[PDB]
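In: Curious how this folds, go ahead:
(one chain, ligands or ions: 3)
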Amino acid sequence: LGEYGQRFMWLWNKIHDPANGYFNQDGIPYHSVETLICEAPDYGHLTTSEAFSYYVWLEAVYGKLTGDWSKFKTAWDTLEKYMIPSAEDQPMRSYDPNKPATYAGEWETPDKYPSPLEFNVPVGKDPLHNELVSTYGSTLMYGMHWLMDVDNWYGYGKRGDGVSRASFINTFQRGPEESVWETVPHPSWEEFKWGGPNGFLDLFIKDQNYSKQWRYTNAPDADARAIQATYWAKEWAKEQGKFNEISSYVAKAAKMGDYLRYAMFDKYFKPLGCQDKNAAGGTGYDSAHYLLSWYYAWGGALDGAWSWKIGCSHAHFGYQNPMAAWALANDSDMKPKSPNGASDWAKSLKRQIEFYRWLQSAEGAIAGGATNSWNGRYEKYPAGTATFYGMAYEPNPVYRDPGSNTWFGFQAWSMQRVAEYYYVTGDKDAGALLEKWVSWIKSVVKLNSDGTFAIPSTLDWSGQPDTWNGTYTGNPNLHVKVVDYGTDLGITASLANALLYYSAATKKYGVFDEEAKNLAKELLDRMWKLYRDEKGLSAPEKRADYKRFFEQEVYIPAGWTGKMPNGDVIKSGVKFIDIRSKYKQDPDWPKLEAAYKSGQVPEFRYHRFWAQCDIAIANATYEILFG
Ligand SMILES: OC[C@H]1O[C@@H](O[C@H]2[C@H](O)[C@@H](O)[C@H](O)O[C@@H]2CO)[C@H](O)[C@@H](O)[C@@H]1O
Ligand SMILES: OC[C@H]1O[C@@H](O[C@H]2[C@H](O)[C@@H](O)[C@H](O)O[C@@H]2CO)[C@H](O)[C@@H](O)[C@@H]1O
Ligand SMILES: [Ca+2]
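Out: Numbering: from 1, shown residues only. Ligands and ions are numbered 1, 2, ... in the order given. Dropping the coordinates below:
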């Protein structure tokens, strides 16, 4: 191994040293080593399907670089055992594909919840269910639930037992203004053992009566990442004559891909462009946007009296993955077993790439995405709204606190997958898209004289794209603005990765963009010079938002009372920390509390698992492509 592959092995070893504490005792990676953190998960020893995806990717690269596929197989084994709900977790009975769910609106503020079920709103047909049951002989949905309480910190345990590790939980339920700070963490398996008389159900959905039930929520970007990772694992293992070793792992990915088509459908299977909650439901694929939406979700009564499935009407460019889509569409090893799996993915591949191109700003950054459900209630679009196969442009799909596309990290994460795609296929549209985004990137990244660097941290947006008609117009009235800069190391690494794939691609298919490679190499080297530490790499970051631990009110309706597993009482007026009193026993709590009582912005040096993974993988990627 060269210099870069050595950097990978160094960080890999830091990640896998059990004294460093990246993984729990079951081998499940945590969101971060440090427990005091709040940003998407609200505690650092939760974990995410995202973390698991990065774990698979990390070990794929380990296989490439060492010839040893045991790390990859173990990563998948743990993913499947713990993060995919098992048969007993998702006992689905009495599903009706002609009636997939009952509609409820999305609402602008958390105080509008619980959202009423509206029983007359028509819901469309689910065209996947029968095919998948016929294909696999099961109602089991093979996809990751997004959020896990790894060491049962919240107390829900496994299927209501209050004690087991790897406890499925959820948070976000109450629309676009429910920040990470404004949620009520609740179990996926609802037995009424906590919360109120109806457990947590009646904070979120208003119904005439309530039953015990389960539900899970997929994060399609993560599942798609895990597929992307697996594609490279099988390419890299075939190069070594080790295909059969990972053969069964490639099949898991192909199956994950098959179920991940639920992410391609409107929430309530309503036709694209309907702009009316009272319109008739779709009859098949007229409700497919063929994008990786923000989620799919599924549920069932513990009875077996009913079950349900939803997609999502909102798509963010940040979620898309042309590399996974291409693999499922075109690579015979990754072909899903269903009749329509691969064809559906080929449609999604092309729709995705058009989506990215439609959202490309005048400068080259990618704008947020689009919705088939304006305001989350199938409203009529404002006059003058730009559209994409009948979906309305949104600058900040799904969330507004903060705006989902104010985070520059989507640029890197998502464009990295397009750069891999372009590297493999030479697709001209993907190349033209990349060339303009790379041009923007070079103009915004700061390489300081003193050897430091900064990348955009927050973005803001103005205007709209032109309505899509199959070709890119330049979007001269759509603008990005860089609001501030930072040293997010996971994102920096991800951007270097994107730039490396793109550069390698231009060498194969056109004029070698050597500057792109050099910028990538500068970022990776300056980072390595500056930010190594005992557990991997970190850079200081200020978290002024952490005032919200103490100050953020969590909406609870007047008159509703319940309890968390540790006895914390849930009622009107409670703050973030009031329903998470165990935070006060965190090792860093005294530090934060003193910083807060004292008027000062706390500062942290985090080891996020995904970031350490992105770092390792980007350094390895230099070796694989250019060494
Ligand atoms: O939700 C997207 C993404 O966010 C990650 O946290 C960000 C946070 O959103 C941003 O405001 C902060 O400044 O930087 C961190 C780290 O990049 C979170 O780590 C991811 O899990 C999540 O997918
Ligand atoms: O439509 C099947 C079934 O749905 C039940 O409501 C579900 C709804 O479909 C789901 O999307 C929502 O988020 O969760 C609730 C369950 O709390 C409904 O109560 C049943 O009567 C209906 O048969
Ligand atoms: Ca809010």
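In: From what I see, residue 56 and residue 74 are in contact.
Out: No: Residue 56 is beyond contact range of residue 74, at 10.2 Å (criterion: CB atoms under 8 Å). (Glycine included, C-beta is placed from N, CA and C.)
In: Which neighbouring elements make contact with the longest strand seen in the chain?
Out: The residue-count maximum for a strand in the chain (DSSP state E) belongs to strand 453-462. Applying 3 or more CB pairs under 8 Å, 6 or more residues apart in numbering; DSSP states H and E, one finds that strand 453-462 makes contact with strand 446-447, strand 479-486, helix 489-509, helix 514-530.
In: give me every residue that touches residue 515.
Out: Counting by CB atoms under 8 Å, 6 or more residues apart in numbering, residue 515 touches residue 442.
In: which bits of the stretch 401-550 of the chain sit near ligand 1?
Out: 407, 409, 488, 490, 491 (CB under 6 Å from any ligand atom).
In: how about a cut-off of 8 Å?
Out: 402, 404, 407, 409-410, 457-458, 486, 488, 490-491, 541, 545 (CB under 8 Å from any ligand atom).
In: Could you tell me which residues of the chain lie near ligand 2?
Out: 96, 99-104, 117, 123, 201, 204-205, 207, 210-211, 213, 215, 297, 299, 301, 305-308, 310.
In: Filter those down to the ones in helices?
Out: Here DSSP state H is the test, and the residues of the chain next to ligand 2 give 201, 204 as lying in helices.
In: Now the buried members of the residues of the chain next to ligand 2.
Out: 99-104, 123, 201, 205, 210, 213, 215, 297, 299, 301, 306-308, 310 (16 or more other CB atoms under 10 Å).
In: ok, and which of these reach ligand 1?
Out: Of these, not one also sits near ligand 1 (CB under 8 Å from any ligand atom).
In: List the contacts of residue 105.
Out: Per CB under 8 Å, 6+ apart, neighbours of residue 105: 115, 116, 118, 277, 376, 377.
In: Quickly list what the second one is bridged to.
Out: For residue 116, the beta-bridge assignment (DSSP bridges) gives partners residue 206.
In: Neighbours of the closest residue to ligand 3 within the stretch 201-350 of the chain, how many?
Out: Here the stretch 201-350 of the chain gets closest to ligand 3 at one residue, residue 203, 15.5 Å apart by CB to the ion. By other CB atoms under 10 Å, the residues close to residue 203 number 25.
In: how about the nearest residue to residue 221, chain neighbours excluded?
Out: residue 319 (4.1 Å; CB to CB, 6 or more residues apart in numbering).
In: Against residue 206, how distant is the closest residue to residue 205 other than its chain neighbours?
Out: Spatially, and ignoring its direct neighbours in sequence, residue 205 is nearest to residue 114 (5.5 Å; CB to CB, 6+ apart). To residue 206, residue 114 is 4 Å away according to CB to CB, to the nearest Å.
In: the more surrounded of those two?
Out: Comparing residue 114 with residue 206 by other CB under 10 Å, the one with more neighbours is residue 114, at 19 against 15.
In: Can you spell out the domain ranges of this structure, please?
Out: Here the domain parsing of the chain from curated CATH domains is 1-84+129-144+218-294+311-539+606-627, 85-128+145-217+296-310, 540-605.
In: ok, and which of these has the densest surroundings?
Out: Most buried of the domains of the chain, by mean neighbour count (mean count of other CB atoms under 10 Å): domain 1-84+129-144+218-294+311-539+606-627, with a mean of 21.
In: Say whether ligand 3 is contacted by it.
Out: Yes: Domain 1-84+129-144+218-294+311-539+606-627 lies within reach of ligand 3 by CB under 5 Å from the ion, at residue 401.
In: would you list every one of the helices in the stretch 151-300 of the chain?
Out: 201-204, 220-239, 243-259 (DSSP state H, counting those that start in this stretch).
In: what helices or strands is the last one leaning on?
Out: Applying 3+ CB pairs under 8 Å, 6+ apart, we find helix 243-259 packed against helix 70-78, helix 129-136, helix 220-239, helix 322-330, helix 341-358.
In: mind putting these in JSON lines, distance to residue 289 included?
Out: JSON lines is the format used below for the helices and strands packed on helix 243-259 (distance: least, CB to CB, whole Å):
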{"stretch": "helix 70-78", "distance to residue 289": "29"}
{"stretch": "helix 129-136", "distance to residue 289": "18"}
{"stretch": "helix 220-239", "distance to residue 289": "12"}
{"stretch": "helix 322-330", "distance to residue 289": "13"}
{"stretch": "helix 341-358", "distance to residue 289": "7"}
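In: For ligand 1, find the nearest of the ones you listed.
Out: helix 220-239 (7.9 Å; CB to the nearest ligand atom).
In: between that closest one and helix 341-358, how many degrees?
Out: 120 degrees (axes from the mean of the first three to the mean of the last three CA atoms, to 10 degrees).
In: Which neighbouring elements make contact with helix 220-239?
Out: helix 49-66, helix 243-259, helix 322-330, helix 409-425.
In: Spatially, which residue comes closest to the residue in the stretch 351-500 of the chain that ligand 3 sits nearest to, not counting chain neighbours?
Out: Taking CB to the ion, ligand 3 has its nearest neighbour within the stretch 351-500 of the chain at residue 401, 3.7 Å off. Spatially, and ignoring its direct neighbours in sequence, residue 401 is nearest to residue 179 (4.0 Å; CB to CB, 6+ apart).
In: same check, this time on residue 201
Out: Per CB to CB, 6+ apart, closest to residue 201 is residue 210, 4.9 Å.
In: and that neighbour, what is it in contact with?
Out: 198, 199, 201, 202.
In: Apply 7 Å and report the result again.
Out: 198, 201, 202 (CB atoms under 7 Å, 6 or more residues apart in numbering).
In: Distance to residue 590 for these - can I get that in a markdown table?
Out: Output for the contacts of residue 210, formatted as a markdown table (distance: CB to CB, whole Å):
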| residue | distance to residue 590 |
| --- | --- |
| 198 | 38 |
| 201 | 37 |
| 202 | 37 |
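In: For residue 153, state which of the residues you listed is nearest.
Out: Closest approach to residue 153 among the contacts of residue 210 (CB to CB): residue 201, at 22.4 Å.
In: ok, now how distant is that closest one from residue 401?
Out: From residue 201 across to residue 401, the span is 24 Å (CB to CB).
In: Ends of stretch 261-273, what's the gap?
Out: 20 Å (CA to CA, to the nearest Å).
In: In contact with residue 30, which residues?
Out: Counting by CB under 7 Å, 6+ apart, residue 30 has contacts 22, 23, 24, 44, 45, 47, 150, 609.
In: do the same with residue 468
Out: Applying CB under 7 Å, 6+ apart, the residues contacting residue 468 are 354, 358, 388.
In: run the last query once more with 10 Å
Out: Residues near residue 468 by CB atoms under 10 Å, 6 or more residues apart in numbering: 354-355, 357-359, 370, 386-391, 393.
In: Could you do residue 347 as well?
Out: Contacts of residue 347 (CB under 10 Å, 6+ apart): 264, 285, 288, 290, 325, 329, 340.
In: Tell me if residue 148 really is in a strand.
Out: Yes: applying DSSP: H, G, I helix; E, B strand; the rest coil, one finds residue 148 inside a strand.
In: all numbers from here: first residue = 11
Out: Will do, 11 is the new start, and the previous item becomes residue 158.
In: For it, which non-adjacent residue is closest in space?
Out: Nearest to residue 158 is residue 57, by CB to CB, 6+ apart, at 5.1 Å.
In: now check the helix or strand hosting that neighbour, is it near ligand 1?
Out: Assigned by DSSP states H and E, residue 57 belongs to strand 56-58. Yes: Strand 56-58 is in contact with ligand 1 by CB under 8 Å from any ligand atom, via residue 58.
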